[PDB]
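Written out below as structure tokens is the structure these notes cover.
All chains are named by letter (A, B, ...) in the order of the sequence lines, taking the proteins before the strands, and each is independently numbered beginning at 1. FYI, side chains are in, hydrogens and waters are out, and symmetry mates aren't considered; it's all heavy atoms of this structure.
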Amino acid sequence: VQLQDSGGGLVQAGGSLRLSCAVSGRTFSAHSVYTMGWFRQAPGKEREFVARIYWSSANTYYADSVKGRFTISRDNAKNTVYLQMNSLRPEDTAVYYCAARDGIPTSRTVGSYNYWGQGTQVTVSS
Amino acid sequence: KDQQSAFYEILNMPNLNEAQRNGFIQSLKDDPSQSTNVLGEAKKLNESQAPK
């Protein structure tokens, strides 16, 4: 599986952005047991869990700090995963990475995901 | 129905701008299971942006 993430940029506090992650490599069936997620790496910090979605059921799970503000979704026909980001704050400034696992993650850590996007950069200015 | 009611409220919140209203409405379409939390954050932004 190959992942290409995009959509990051500069936004004012209170604004919105939508990140995309195109899945590539081998072909996906609509009910593949894959999990996709988003991680973010803030200045001076390690990559941290943001959200995940089970590819087959579209069941979602969010870090507390983004609930209500961010939503993850996936389109099987286009083989793409999205992160809608609303009500952005300076502390959401980070590089955001698409990530995937060919199965069900056992944790919310980087080690649970074996496929990684290259990252897209989000800057929230005051 | 929690999707449905939230869409309407967000639509008529007086202190959101179009980009915010449109982004929250997209989130409601994206993940209906988060409708209550999305409405909660829209309300929070509607409150914090109240005109002074």
Inset, instruction - Look at B/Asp30 together with A/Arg18 and state whether they make a salt bridge at an N to O cut-off of under 4.0 Å. - result: yes
Legend entry - salt_bridge(A/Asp64, A/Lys67) N-O dist < 4.0 Å: yes
Inset, instruction - Using the test side-chain hydrogen bond (donor to acceptor under 3.5 Å, both in side chains), find all partners of A/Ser56 that sit at least two apart in sequence or belong to another chain. - result: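 Partners of A/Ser56 by the side-chain hydrogen bond (donor to acceptor under 3.5 Å, both in side chains) criterion, ordered by chain and then number, come out as A/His31.
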For residues [X] and [Y], report the shortest heavy-atom separation together with the two atoms involved.
{"X": "A/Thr93", "Y": "A/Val124", "result": "OG1-N, 3.0 Å"}
{"X": "A/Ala22", "Y": "A/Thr80", "result": "CA-CG2, 4.1 Å"}
{"X": "A/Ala77", "Y": "A/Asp75", "result": "N-OD1, 2.9 Å"}
{"X": "B/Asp2", "Y": "B/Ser35", "result": "OD1-CB, 3.5 Å"}
{"X": "A/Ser20", "Y": "A/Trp38", "result": "O-CH2, 3.6 Å"}
{"X": "B/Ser27", "Y": "A/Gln84", "result": "OG-CG, 3.2 Å"}

Legend entry - Contact list for residues 113-126 of chain A, test side-chain hydrogen bond (donor to acceptor under 3.5 Å, both in side chains), sequence neighbours left out: none
Legend entry - Sequence neighbours excluded - side-chain hydrogen bond (donor to acceptor under 3.5 Å, both in side chains) pairs with any residue from residues 9-24 of chain B: B/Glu18-B/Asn22, B/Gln20-B/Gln49
Answer yes if [X] and [Y] sit in the same cluster of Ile, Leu, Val, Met, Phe, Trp and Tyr residues linked by side chain heavy atoms under 4.5 Å apart, and no otherwise.
{"X": "A/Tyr96", "Y": "A/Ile72", "answer": "yes"}
{"X": "A/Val122", "Y": "A/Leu3", "answer": "yes"}
{"X": "A/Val11", "Y": "A/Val66", "answer": "yes"}
{"X": "A/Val33", "Y": "A/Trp55", "answer": "no"}
{"X": "A/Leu88", "Y": "A/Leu83", "answer": "yes"}

Test your reading of the model: is there a side-chain donor-acceptor pair from [X] to the backbone of [Y], 3.5 Å cut-off?
{"X": "A/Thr60", "Y": "A/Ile53", "value": "no"}
{"X": "B/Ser48", "Y": "B/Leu45", "value": "yes"}
{"X": "A/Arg52", "Y": "A/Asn59", "value": "yes"}

From [X] atom [atom1] to [Y] atom [atom2], the distance as rounded to the nearest 0.5 Å:
{"X": "A/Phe49", "Y": "A/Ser65", "atom1": "CZ", "atom2": "OG", "answer": "10.0 Å"}
{"X": "A/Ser87", "Y": "B/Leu16", "atom1": "OG", "atom2": "CG", "answer": "9.0 Å"}
{"X": "A/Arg47", "Y": "A/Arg40", "atom1": "CZ", "atom2": "CZ", "answer": "15.0 Å"}
{"X": "A/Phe70", "Y": "A/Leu17", "atom1": "CZ", "atom2": "CG", "answer": "9.5 Å"}
{"X": "A/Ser24", "Y": "A/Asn79", "atom1": "OG", "atom2": "CG", "answer": "8.0 Å"}

Inset, instruction - Compare all side-chain heavy atoms of A/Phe39 with those of A/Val50 and state whether any distance is below 4.5 angstrom. - result: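 No - every pair of side-chain heavy atoms lies 4.5 Å or more apart.
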Legend entry - Check against side chain to side chain contact (heavy atoms under 4.5 Å, CB included), B/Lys43 and B/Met13: CA-CA 8 Å; B/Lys43 282 185 167 184; B/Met13 283 183 185; 3.7 Å; yes
Inset, instruction - Establish, from distance only, whether the side-chain atoms of A/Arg69 and B/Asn37 form a donor-acceptor pair under 3.5 Å. - result: no
Inset, instruction - Answer with yes or no whether the side chains of A/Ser107 and A/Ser112 bring together a donor and an acceptor at under 3.5 Å. - result: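 There is such a pair (donor and acceptor under 3.5 Å, judged by atom type) between the side chains of A/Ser112 and A/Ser107.
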Legend entry - Candidate pair A/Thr71 and B/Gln26, rule side chain to side chain contact (heavy atoms under 4.5 Å, CB included), full reasoning: CA-CA 9 Å; A/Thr71 45; B/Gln26 186 62 43; over 6 Å; no
Inset, instruction - May I have the step-by-step check of side chain to side chain contact (heavy atoms under 4.5 Å, CB included) for B/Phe7 and B/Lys29, ending in yes or no? - result: CA-CA 9 Å; B/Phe7 268 115; B/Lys29 258 194 85 84; 3.9 Å; yes
Inset, instruction - Evaluate the criterion side chain to side chain contact (heavy atoms under 4.5 Å, CB included) for residue pair A/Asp102 and A/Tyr34; output intermediate values, then yes/no. - result: CA-CA 5 Å; A/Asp102 54 329; A/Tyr34 267 86; 3.5 Å; yes
Inset, instruction - Determine whether more than 12 heavy atoms belonging to other residues, nucleotides or ligands lie under 6.0 Å from atom CD of A/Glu91. - result: yes
